[PDB]
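Printed here is data-v4.pdb (PDB, C-alpha atoms and all ligand atoms):
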ATOM      1  CA  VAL C   3     -28.298 -50.042  29.476
ATOM      2  CA  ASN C   4     -27.180 -52.972  27.306
ATOM      3  CA  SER C   5     -24.340 -55.505  27.329
ATOM      4  CA  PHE C   6     -22.227 -54.136  24.456
ATOM      5  CA  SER C   7     -18.723 -53.306  25.714
ATOM      6  CA  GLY C   8     -15.706 -51.438  24.378
ATOM      7  CA  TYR C   9     -17.493 -49.472  21.640
ATOM      8  CA  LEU C  10     -16.581 -45.967  20.530
ATOM      9  CA  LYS C  11     -19.655 -43.721  20.329
ATOM     10  CA  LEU C  12     -19.933 -42.022  16.934
ATOM     11  CA  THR C  13     -23.372 -40.403  17.274
ATOM     12  CA  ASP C  14     -26.450 -40.484  19.478
ATOM     13  CA  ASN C  15     -27.299 -43.967  18.154
ATOM     14  CA  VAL C  16     -24.261 -45.409  16.296
ATOM     15  CA  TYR C  17     -21.368 -47.193  18.023
ATOM     16  CA  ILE C  18     -18.301 -48.900  16.515
ATOM     17  CA  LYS C  19     -15.683 -51.455  17.572
ATOM     18  CA  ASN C  20     -12.797 -53.411  16.060
ATOM     19  CA  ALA C  21     -14.224 -56.891  16.545
ATOM     20  CA  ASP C  22     -15.044 -60.194  14.882
ATOM     21  CA  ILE C  23     -18.847 -60.112  14.584
ATOM     22  CA  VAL C  24     -18.941 -63.888  15.155
ATOM     23  CA  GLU C  25     -17.097 -63.643  18.475
ATOM     24  CA  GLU C  26     -19.063 -60.540  19.437
ATOM     25  CA  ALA C  27     -22.379 -62.294  18.767
ATOM     26  CA  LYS C  28     -21.337 -65.380  20.738
ATOM     27  CA  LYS C  29     -20.422 -63.180  23.718
ATOM     28  CA  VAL C  30     -23.337 -60.729  23.723
ATOM     29  CA  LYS C  31     -26.104 -62.979  22.338
ATOM     30  CA  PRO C  32     -27.849 -59.868  20.982
ATOM     31  CA  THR C  33     -31.517 -59.785  20.115
ATOM     32  CA  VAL C  34     -30.558 -59.130  16.473
ATOM     33  CA  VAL C  35     -27.360 -59.846  14.548
ATOM     34  CA  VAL C  36     -27.268 -58.528  10.977
ATOM     35  CA  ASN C  37     -25.932 -60.740   8.197
ATOM     36  CA  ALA C  38     -24.359 -59.326   5.034
ATOM     37  CA  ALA C  39     -26.612 -61.486   2.866
ATOM     38  CA  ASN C  40     -27.109 -61.931  -0.861
ATOM     39  CA  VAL C  41     -30.514 -62.350  -2.512
ATOM     40  CA  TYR C  42     -30.164 -66.153  -2.608
ATOM     41  CA  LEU C  43     -29.115 -66.409   1.058
ATOM     42  CA  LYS C  44     -26.056 -68.365  -0.116
ATOM     43  CA  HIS C  45     -23.718 -67.786   2.819
ATOM     44  CA  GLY C  46     -20.440 -68.637   1.153
ATOM     45  CA  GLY C  47     -17.914 -66.058   2.276
ATOM     46  CA  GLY C  48     -17.332 -62.750   3.940
ATOM     47  CA  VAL C  49     -19.446 -62.056   7.003
ATOM     48  CA  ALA C  50     -22.167 -64.455   5.825
ATOM     49  CA  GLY C  51     -19.789 -67.374   5.385
ATOM     50  CA  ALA C  52     -18.338 -66.725   8.837
ATOM     51  CA  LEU C  53     -21.727 -66.435  10.577
ATOM     52  CA  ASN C  54     -23.002 -69.559   8.849
ATOM     53  CA  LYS C  55     -19.870 -71.551   9.750
ATOM     54  CA  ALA C  56     -20.359 -70.573  13.403
ATOM     55  CA  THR C  57     -23.893 -72.084  13.260
ATOM     56  CA  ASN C  58     -22.510 -75.402  11.946
ATOM     57  CA  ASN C  59     -24.394 -74.737   8.641
ATOM     58  CA  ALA C  60     -27.796 -74.509  10.382
ATOM     59  CA  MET C  61     -28.178 -70.960   9.048
ATOM     60  CA  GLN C  62     -27.732 -72.269   5.488
ATOM     61  CA  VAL C  63     -30.227 -75.116   5.989
ATOM     62  CA  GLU C  64     -32.845 -72.688   7.326
ATOM     63  CA  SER C  65     -32.070 -70.231   4.520
ATOM     64  CA  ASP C  66     -32.489 -72.841   1.774
ATOM     65  CA  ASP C  67     -35.964 -73.644   3.097
ATOM     66  CA  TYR C  68     -36.780 -69.912   3.208
ATOM     67  CA  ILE C  69     -35.755 -69.439  -0.445
ATOM     68  CA  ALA C  70     -37.573 -72.588  -1.583
ATOM     69  CA  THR C  71     -40.775 -71.136  -0.100
ATOM     70  CA  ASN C  72     -40.415 -67.411  -0.796
ATOM     71  CA  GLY C  73     -37.926 -66.953  -3.624
ATOM     72  CA  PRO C  74     -34.997 -64.539  -3.554
ATOM     73  CA  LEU C  75     -34.838 -61.320  -1.606
ATOM     74  CA  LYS C  76     -34.555 -57.924  -3.298
ATOM     75  CA  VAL C  77     -31.295 -55.991  -3.317
ATOM     76  CA  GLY C  78     -31.921 -53.497  -0.522
ATOM     77  CA  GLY C  79     -34.300 -55.918   1.204
ATOM     78  CA  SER C  80     -34.165 -58.195   4.220
ATOM     79  CA  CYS C  81     -35.750 -61.065   6.083
ATOM     80  CA  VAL C  82     -35.764 -62.098   9.741
ATOM     81  CA  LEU C  83     -34.656 -65.664  10.454
ATOM     82  CA  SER C  84     -33.302 -67.476  13.492
ATOM     83  CA  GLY C  85     -30.116 -66.288  15.144
ATOM     84  CA  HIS C  86     -29.250 -69.908  16.009
ATOM     85  CA  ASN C  87     -26.471 -70.018  18.644
ATOM     86  CA  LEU C  88     -25.391 -66.436  17.888
ATOM     87  CA  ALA C  89     -28.424 -64.234  18.632
ATOM     88  CA  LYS C  90     -32.170 -64.456  19.082
ATOM     89  CA  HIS C  91     -32.742 -63.367  15.464
ATOM     90  CA  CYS C  92     -30.650 -62.840  12.361
ATOM     91  CA  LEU C  93     -31.674 -59.954  10.115
ATOM     92  CA  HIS C  94     -30.379 -60.947   6.666
ATOM     93  CA  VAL C  95     -29.877 -57.652   4.795
ATOM     94  CA  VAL C  96     -28.858 -57.429   1.132
ATOM     95  CA  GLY C  97     -26.664 -54.454   0.376
ATOM     96  CA  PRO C  98     -25.704 -53.812  -3.243
ATOM     97  CA  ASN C  99     -22.666 -55.795  -4.419
ATOM     98  CA  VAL C 100     -20.461 -53.440  -6.436
ATOM     99  CA  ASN C 101     -18.629 -56.444  -7.884
ATOM    100  CA  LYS C 102     -21.989 -57.355  -9.499
ATOM    101  CA  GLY C 103     -22.748 -53.861 -10.843
ATOM    102  CA  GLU C 104     -25.579 -53.089  -8.412
ATOM    103  CA  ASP C 105     -26.716 -49.528  -7.727
ATOM    104  CA  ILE C 106     -24.927 -48.070  -4.701
ATOM    105  CA  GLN C 107     -27.988 -45.890  -4.045
ATOM    106  CA  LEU C 108     -29.649 -49.096  -2.813
ATOM    107  CA  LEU C 109     -27.319 -48.957   0.202
ATOM    108  CA  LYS C 110     -29.643 -46.476   1.927
ATOM    109  CA  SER C 111     -32.632 -48.772   1.340
ATOM    110  CA  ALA C 112     -30.611 -51.654   2.815
ATOM    111  CA  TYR C 113     -29.840 -49.694   5.993
ATOM    112  CA  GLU C 114     -33.515 -48.673   6.369
ATOM    113  CA  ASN C 115     -34.224 -52.289   7.350
ATOM    114  CA  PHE C 116     -32.292 -51.666  10.580
ATOM    115  CA  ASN C 117     -34.952 -49.164  11.722
ATOM    116  CA  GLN C 118     -37.412 -52.021  12.322
ATOM    117  CA  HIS C 119     -35.257 -53.175  15.279
ATOM    118  CA  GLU C 120     -34.523 -51.186  18.420
ATOM    119  CA  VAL C 121     -30.960 -52.530  18.865
ATOM    120  CA  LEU C 122     -28.700 -54.444  16.452
ATOM    121  CA  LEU C 123     -25.192 -55.836  16.133
ATOM    122  CA  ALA C 124     -24.144 -55.329  12.524
ATOM    123  CA  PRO C 125     -21.352 -55.178   9.954
ATOM    124  CA  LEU C 126     -20.960 -52.302   7.531
ATOM    125  CA  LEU C 127     -23.286 -53.120   4.645
ATOM    126  CA  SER C 128     -21.752 -53.558   1.189
ATOM    127  CA  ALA C 129     -18.210 -53.456   2.655
ATOM    128  CA  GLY C 130     -15.653 -56.241   2.343
ATOM    129  CA  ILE C 131     -16.248 -58.580  -0.581
ATOM    130  CA  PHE C 132     -19.345 -56.568  -1.584
ATOM    131  CA  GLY C 133     -16.905 -53.977  -2.948
ATOM    132  CA  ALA C 134     -18.229 -50.648  -1.642
ATOM    133  CA  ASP C 135     -16.181 -47.978   0.121
ATOM    134  CA  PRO C 136     -16.571 -48.682   3.874
ATOM    135  CA  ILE C 137     -16.199 -44.972   4.687
ATOM    136  CA  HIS C 138     -19.240 -44.346   2.497
ATOM    137  CA  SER C 139     -21.118 -47.239   4.099
ATOM    138  CA  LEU C 140     -20.512 -45.785   7.562
ATOM    139  CA  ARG C 141     -21.762 -42.377   6.394
ATOM    140  CA  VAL C 142     -24.963 -43.890   4.985
ATOM    141  CA  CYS C 143     -25.437 -45.885   8.191
ATOM    142  CA  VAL C 144     -25.173 -42.793  10.388
ATOM    143  CA  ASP C 145     -27.475 -40.788   8.104
ATOM    144  CA  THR C 146     -30.113 -43.558   7.764
ATOM    145  CA  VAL C 147     -30.284 -45.719  10.893
ATOM    146  CA  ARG C 148     -32.157 -44.140  13.805
ATOM    147  CA  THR C 149     -32.236 -47.189  16.083
ATOM    148  CA  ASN C 150     -29.246 -48.260  18.188
ATOM    149  CA  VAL C 151     -26.601 -49.939  16.034
ATOM    150  CA  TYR C 152     -23.362 -51.530  17.252
ATOM    151  CA  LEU C 153     -20.989 -51.902  14.304
ATOM    152  CA  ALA C 154     -18.294 -54.587  14.328
ATOM    153  CA  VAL C 155     -15.359 -53.960  11.980
ATOM    154  CA  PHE C 156     -13.097 -57.000  11.593
ATOM    155  CA  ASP C 157     -10.034 -55.267  10.146
ATOM    156  CA  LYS C 158      -8.120 -53.208  12.715
ATOM    157  CA  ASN C 159      -6.488 -51.083  10.028
ATOM    158  CA  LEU C 160      -9.903 -50.319   8.531
ATOM    159  CA  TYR C 161     -11.395 -49.586  11.952
ATOM    160  CA  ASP C 162      -8.751 -46.929  12.638
ATOM    161  CA  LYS C 163      -9.311 -45.268   9.255
ATOM    162  CA  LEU C 164     -13.088 -45.197   9.800
ATOM    163  CA  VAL C 165     -12.715 -43.527  13.196
ATOM    164  CA  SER C 166      -9.994 -41.084  12.162
ATOM    165  CA  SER C 167     -11.906 -39.946   9.062
ATOM    166  CA  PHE C 168     -15.354 -39.772  10.673
ATOM    167  CA  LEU C 169     -17.039 -36.395  10.356
TER     168      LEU C 169
HETATM  169  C1  LIG Y 201     -16.435 -57.162   6.053
HETATM  170  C2  LIG Y 201     -15.609 -57.753   6.951
HETATM  171  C3  LIG Y 201     -14.108 -57.946   6.571
HETATM  172  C4  LIG Y 201     -13.225 -56.674   6.941
HETATM  173  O1  LIG Y 201     -12.276 -56.386   5.931
HETATM  174  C5  LIG Y 201     -16.141 -58.221   8.341
HETATM  175  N1  LIG Y 201     -16.912 -57.351   9.056
HETATM  176  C6  LIG Y 201     -17.432 -57.675  10.313
HETATM  177  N2  LIG Y 201     -17.253 -58.836  10.955
HETATM  178  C7  LIG Y 201     -16.478 -59.726  10.243
HETATM  179  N3  LIG Y 201     -16.129 -60.958  10.630
HETATM  180  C8  LIG Y 201     -15.365 -61.653   9.781
HETATM  181  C9  LIG Y 201     -14.912 -63.061  10.115
HETATM  182  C10 LIG Y 201     -15.162 -60.801   8.678
HETATM  183  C11 LIG Y 201     -15.873 -59.519   8.934
END

Could you express the structure from this file as structure tokens?
Amino acid sequence: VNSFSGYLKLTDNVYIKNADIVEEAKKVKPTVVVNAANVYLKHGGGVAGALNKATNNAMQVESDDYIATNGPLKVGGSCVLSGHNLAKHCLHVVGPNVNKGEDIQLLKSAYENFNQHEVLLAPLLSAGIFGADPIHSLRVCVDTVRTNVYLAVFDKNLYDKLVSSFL
């Protein structure tokens, strides 16, 4: 039993809700919140900009030190950093950005990072400003993630389409 509330169950291990991931993280304080990161951990917009804003820019400060030490992530890769006031940990995961020409096949590799964590609060990878089809992202999530994932979908209209079209 966990503290996630109001989710629709899609499969044995995948759950979904129309919610603002920032507000959901602040309420649940999950062990792991997933950020829709880029390789530079520049949290300017989309989910990343919103999560970083909610940390009063502390996520960005920590991220800049991480990059200065380690260099950029790989597309499809991840790193674990602090969750600040939102979660114990933040798993920064880089899905391919279609608006940069990156290979959508890397979306499966991106979701594989979730399997290193027993339970996660997450957005749909590569959705939103990353330019992928969210219906496809949900399919890859369900077919790749084996651990317990609670998906927050900000847009109510998109949430309803994802549920109604889910096979
Ligand atoms: C990709 C999106 C935008 C939906 O079109 C998203 N997904 C999950 N949580 C979110 N929180 C905010 C503030 C945007 C957001």

Next item on the list: Could you please give me, as number ranges by chain, the residues of protein, DNA or RNA lying at most 12 Å from (-21.8, -63.1, 5.0) in the coordinate frame of the file, considering only C-alpha atoms?
Entry: C: 23-24, 35-56, 61-62, 92-97, 99, 124-132

Next item on the list: Can you pull out every residue within 7 Å of segment 8-16 of chain C, counting only C-alpha atoms, but drop anything in the same chain fewer than 6 positions away, and send it as a PyMOL selection string?
Entry: chain C and resi 144+148-152

Keeping C-alpha atoms, export the residues of the selection given above as a PDB file, in the coordinates of the input.
ATOM      1  CA  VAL C 144     -25.173 -42.793  10.388  1.00  0.00           C
ATOM      2  CA  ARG C 148     -32.157 -44.140  13.805  1.00  0.00           C
ATOM      3  CA  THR C 149     -32.236 -47.189  16.083  1.00  0.00           C
ATOM      4  CA  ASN C 150     -29.246 -48.260  18.188  1.00  0.00           C
ATOM      5  CA  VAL C 151     -26.601 -49.939  16.034  1.00  0.00           C
ATOM      6  CA  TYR C 152     -23.362 -51.530  17.252  1.00  0.00           C
TER       7      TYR C 152
END

Find the axis-aligned box for ligand LIG 201 (chain Y), covering all its listed atoms and adding 4 Å on each side, and write its centre and edge lengths in Å to one decimal as JSON.
{"center_x": -14.9, "center_y": -59.7, "center_z": 8.4, "size_x": 13.2, "size_y": 14.7, "size_z": 13.0}

Note to self: Given all atoms listed in the file as the basis, pick out the residue of C:102, C:19, C:86, C:110 nearest to residue 139 of chain C.
What the structure shows: C:110

Margin query: For a quick check of understanding, using all atoms listed in the file, which of C:166, C:65, C:58, C:107 has the smallest distance to residue 88 of chain C?
Written below: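 Looking only at the distances to residue 88 of chain C, the closest residue turns out to be C:58.
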
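We find atom CA of residue 117 of chain C and atom CA of residue 159 of chain C to be spaced 28.6 Å apart.
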
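Within the 9 Å cut-off around residue 32 of chain C, using all atoms listed in the file and omitting residues fewer than 5 positions from it on the same chain, the listed residues are residues 5, 6, 26, 27, 85, 88, 89, 90, 91, 121, 122 and 123 of chain C.
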
Note to self: Just to confirm, what's the straight-line distance from atom CA of residue 77 of chain C to atom CA of residue 140 of chain C in Å (one decimal)?
What the structure shows: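 Atom-to-atom, atom CA of residue 77 of chain C and atom CA of residue 140 of chain C are spaced 18.4 Å apart.
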
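Distances here use all atoms listed in the file; by that measure, the residue among C:147, C:83, C:21, C:109 closest to residue 67 of chain C is C:83.
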